[PDB]
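[1] quick check, what structure comes out for this input:
(chains A, B, C, D, E, F and G)
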Amino acid sequence: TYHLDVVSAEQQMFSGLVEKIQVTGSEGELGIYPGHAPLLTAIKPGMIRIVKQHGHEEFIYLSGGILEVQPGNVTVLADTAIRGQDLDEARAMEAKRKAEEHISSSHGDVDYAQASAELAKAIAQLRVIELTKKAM
Amino acid sequence: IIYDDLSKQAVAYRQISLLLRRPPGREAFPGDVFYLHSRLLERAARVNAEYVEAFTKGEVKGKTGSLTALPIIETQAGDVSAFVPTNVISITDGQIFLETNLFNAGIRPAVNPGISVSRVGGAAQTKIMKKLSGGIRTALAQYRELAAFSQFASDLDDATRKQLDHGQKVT
Amino acid sequence: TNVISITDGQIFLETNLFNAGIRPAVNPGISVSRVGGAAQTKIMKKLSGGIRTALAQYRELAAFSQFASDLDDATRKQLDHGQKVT
Amino acid sequence: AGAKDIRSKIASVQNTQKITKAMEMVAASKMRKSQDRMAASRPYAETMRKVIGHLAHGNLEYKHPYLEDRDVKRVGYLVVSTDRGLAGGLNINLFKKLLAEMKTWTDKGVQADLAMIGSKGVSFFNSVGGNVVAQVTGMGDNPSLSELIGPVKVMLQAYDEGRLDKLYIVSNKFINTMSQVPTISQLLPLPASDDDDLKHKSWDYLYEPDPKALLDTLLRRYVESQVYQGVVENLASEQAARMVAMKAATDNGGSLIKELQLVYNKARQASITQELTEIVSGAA
Amino acid sequence: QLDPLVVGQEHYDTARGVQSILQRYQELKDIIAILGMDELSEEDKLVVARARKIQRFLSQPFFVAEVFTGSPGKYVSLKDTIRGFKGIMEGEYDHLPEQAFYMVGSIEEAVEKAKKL
Amino acid sequence: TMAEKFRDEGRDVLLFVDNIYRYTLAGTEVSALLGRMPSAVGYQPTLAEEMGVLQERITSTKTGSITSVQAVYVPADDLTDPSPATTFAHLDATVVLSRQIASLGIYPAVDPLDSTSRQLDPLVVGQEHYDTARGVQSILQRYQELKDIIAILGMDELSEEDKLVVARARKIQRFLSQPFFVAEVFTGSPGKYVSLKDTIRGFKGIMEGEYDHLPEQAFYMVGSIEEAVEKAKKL
Amino acid sequence: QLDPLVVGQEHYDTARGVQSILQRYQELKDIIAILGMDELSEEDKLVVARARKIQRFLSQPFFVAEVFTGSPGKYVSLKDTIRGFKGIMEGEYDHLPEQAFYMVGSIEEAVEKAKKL
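    Numbering: from 1, shown residues only, chains lettered A, B, ... in the order given. Find the structure here:
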């Protein structure tokens, strides 16, 4: 068996010993067995087939990525969402537009938003430094 | 015996004092306001068998008598540091503090743990209640502070989550 | 505390507003006039009704002045309108 | 003054102390979670960088633009900043450090260009007047690579389109729970790395379809991954600075109650004295 | 005298419901101020939209105030008060704007006013 | 005036006053009964003299001593009020008992940080006693904040100097426990009388790593340290 | 006498500017004392730093305080102080350390002292 690592840019998606996998390489659908010669290819969005040693199958969905084979380890550098050239350009256009027009979005941290407002309300008009005669 | 307001007694003593022109003290209460309540609540006593036998001249011999007292005090804005409220906290054996922020929230009776205590404690508590209720008070106090921290802090650990929801069941 | 009880209104002049530059230092919100609009010309009675609410919403938002970079741009509108009318 | 107003102020300072203690606890937990999300990012970048190292400057080489030191007409910057205040001196230490070096550059007649992560930097550089070509904001405590693609796509495109000649990321480096250093680092053209693939003369890859087509995507994925890593390190540093800030603020509040209560005691005694003296000395 | 055994569970539950709504709205006011209104859940946006209408509907034009505002005054029986608030909280009026409730009087006069705006 | 009789017989006496504040207050009540003008915060005009003519008979004459232990109540949590402000002018030492040290199961529940004595001076107590007391105080008041680090960041974050500081602070804290002859009723352990030398040695020891080789529960409730080791022997 | 008609418009506006920003500095001190100075807006740190400069520049060494400080006294004409304060307020001297302004006479004695740090 050989060791398979499926990793995204964000977090790791699998790690364990495998008997075989079947992956949809960009040029053609391919299958990797122990000792496979070093290979390097892109891969298309789609499933990937694993058989965990003792033959136990499973399927994983990928948005694409790159498959890198060495004799004893194979790794699929997956990615989080579909990649292309129209889609990335859509994202680039929206990002320029949000700067050209100074569109400011909020975060979602409701906890900080509550504590910050309770603190701003509490700390107001105390005037204590006029009252405690702290020089400062 | 349950004195409905030992506060409205202090006020009437003040009135009838300043009308005899006796010199006042803090809060304009007469000088000896403390000696007013002290000589009242100190009659709430448990008295042993020899005292009862020697008082009733041998008509009762095995019994011990007693007189519990529950004086009621009114506090402005929950201030327990005022003249009269703090006098009596020094005279009695404990206090039950009834909290308005609880009472207005439908928690009734609004007994505030932590700040309320009984200085005779479990010696006065029946064995079964002493056994079951041993931990309730500090559990509620710590739940009541944790439930304040939780106001800001979403995504709590599931140890503190199991503490909070349990304290909430019991409350 | 006697004269505040006898009179029909109050104009509260404050030394903080006076120092900060707000002259006359009248503090609305505290100051009152029980005759109200019956003692005005109907134009002023009409217009001044919106100033009261502009300042009321400002004084409700005023606490966030020292965090105004954080605020959302509706409350930022209301807050800057309050500042300009003050 | 007046004992009751001072008591009403002491109550509010105690309330503020009770708020900042909670904010410190919250930040101290989010820091641990964020530095979990941090160290989970090492494998992808490490294993992609070994591949690039073998493929492009090991036992053979390619003439891709990103890898070689063309001259510098203008320089691009990717700026990582927070979305939340109360972080302390983090963001503006970082921005002063940036400004120093963007000034150094523009002294040479070169232009500098910026792209912004987070809203604090956006507001700051829109106030100072630096050029911002693209931005992303409101990521909060959940940064994701799906959102970063935009600005770094812009900067890369403008790189190989010739309009930029060097690309930096400016960000805070979470080193210790108590210390965090603002750093500027270079990610185009690609900084040389150690461990040349001398041991890898033993293999070469079956490139499918072609090596020159792959390296061109590998480098983009690598740059995006380093930007993401910078964003997440800065996100851990944000918590690790907010927590120390709220610690300090809780101790300042606690140190101010001690003065407010001395003023309160003095006022209490003055009121008792001046009342009782009015009763006694006024009567007969 | 605000307890079920004197005023009835109808009136009592309506009163405590109105207090609950306004309390939650007070909680949400500052999340709104800091994060804007589009960040709320869409049942929280209903708490806000109903709290504002409840807050309007408690106002009323008095007869004696006819000399300050020039508007004629209104007398509202307890039946119509309970029915109005118990209706607002239950979403029977989510289709009216807020200003339809201000200085209106009974609830039947909120609908008659909505047509006019 | 009973203690003064025992003093005149050449003895040493210990005089307990169950609350000096109520003595001041009885003085105020009597004063207001006699009709004299009030002074600072409603207290009699003769406050300081009524206090002094008592506190001035409690002294060490050539024949004998009276030593006083006086329970003090401070009104309104105010150390400025004329009553405490007058009493404190006479006290030589000050021991504070704390609810927290009690809940931690150490007895007697004295607080080592807030307790003070104006006899802690090298001149009157010698240098070894002085600097030993000062050392253990600084140890405990660093531990006081290392505990709040640990509370929020967890034990792992500390330097391996501070982990030893904590391990020693915990053993100093334990060693302050003692079994009283009167506490037997509660805990069955026979009470110990610890001569001063033994305390100075015990803490000179713990504070400098000696006896780092035995566990913290070997100090708890033990007595002298030449018994702390022999308890450690058989855990 | 501090009135535009009695003292001239420029002197009056200078006095009122000094008061305005020393007061705006007073309002900020509570949030500085609690949250530390770093939470201030970027154009509020400017106000704090100008107020702390003005506070020093109000200091002066007297001819009768030599006995206490050694440093010789100064006599600062009016024409010159109302120029120095305009300089500080308008940000002309916004590049000097605070201690340049402590116990000097004219603004021209502050700038020199800044050469020594």
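
[2] let me know the helix or strand that residue 99 is in.
    No chain specified, so I'll use chain A. Assigned by DSSP states H and E, residue A:99 belongs to helix A:86-100.

[3] hmm, I had chain D in mind actually
    Secondary structure from DSSP H and E places residue D:99 in helix D:90-107.

[4] interface residues of chain B facing chain A?
    Counting by Cβ under 8 Å from any Cβ of the partner chain, the positions of chain B adjacent to chain A are B:151, B:152, B:153, B:154. Yep, even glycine has a C-beta here, placed from its N, CA and C like the rest.

[5] just these that are near chain D?
    Contacts with chain D are made by B:151, B:152, B:153 out of the residues of chain B next to chain A, judged by Cβ under 8 Å from any Cβ.

[6] now do the SS call for the second one.
    Using DSSP: H, G, I helix; E, B strand; the rest coil, the three-state assignment for residue B:152 comes out as coil.

[7] and it, what does it touch?
    A:111, A:114, A:115, A:118, D:19, D:22, D:23, D:26 (Cβ atoms under 8 Å, 6 or more residues apart in numbering or on different chains).

[8] the fifth one falls within a helix, correct?
    Yes. Residue state for residue D:19 (three-state DSSP) corresponds to a helix.

[9] how much space between the nearest residue to residue D:222 once chain neighbours are set aside and residue F:17?
    Closest residue to residue D:222 apart from its sequence neighbours, by Cβ to Cβ, 6 or more residues apart in numbering or on different chains: residue D:48 at 5.3 Å. Distance, residue D:48 to residue F:17, using Cβ to Cβ, to the nearest Å: 80 Å.

[10] could you check which of the two is surrounded by more residues?
    For residue D:48 versus residue F:17, neighbours defined as other Cβ atoms under 10 Å in any protein chain shown are more numerous around residue D:48 (22 against 16).

[11] what number of residues lie near residue 28?
    The chain I'm using is chain A. 9.

[12] you answered for a different chain; I wanted chain D.
    Residue D:28 has 21 nearby residues by other Cβ under 10 Å.

[13] and the helix holding residue A:99, how far out from the chain's middle?
    Its chain's C-alpha centre and that of helix A:86-100 lie 20 Å apart, by Cα atoms, centre = their mean, to the nearest Å.

[14] touching chain D at all, the helix or strand that it is followed by?
    Counting by DSSP H and E, the element after helix A:86-100 in chain order, helix or strand, is helix A:110-122. Yes. Contact of helix A:110-122 with chain D is found when judged by Cβ under 8 Å from any Cβ, involving A:111, A:112, A:115, A:116, A:118, A:119, A:122.

[15] pretty sure the first one contacts residue B:156?
    No. In this structure residue A:111 lies outside contact range of residue B:156 using Cβ atoms under 8 Å: 11.0 Å.

[16] could you list the domains of the chain?
    No chain specified, so I'll use chain A. Chain A breaks down into these domains under curated CATH domains: A:1-87, A:88-136.

[17] look at chain D instead
    As given by curated CATH domains, the domain ranges for chain D are D:1-59+D:206-284, D:60-205.

[18] from residue E:26, how far out is the residue in chain A positioned nearest to chain E?
    Going by Cβ to the nearest Cβ, chain E is nearest to residue A:117 of chain A, at 3.6 Å. Using Cβ to Cβ, residue A:117 is found at 12 Å from residue E:26.

[19] ok, residue E:113 next?
    For residue E:113, the distance to residue E:26 equals 27 Å [Cβ to Cβ].
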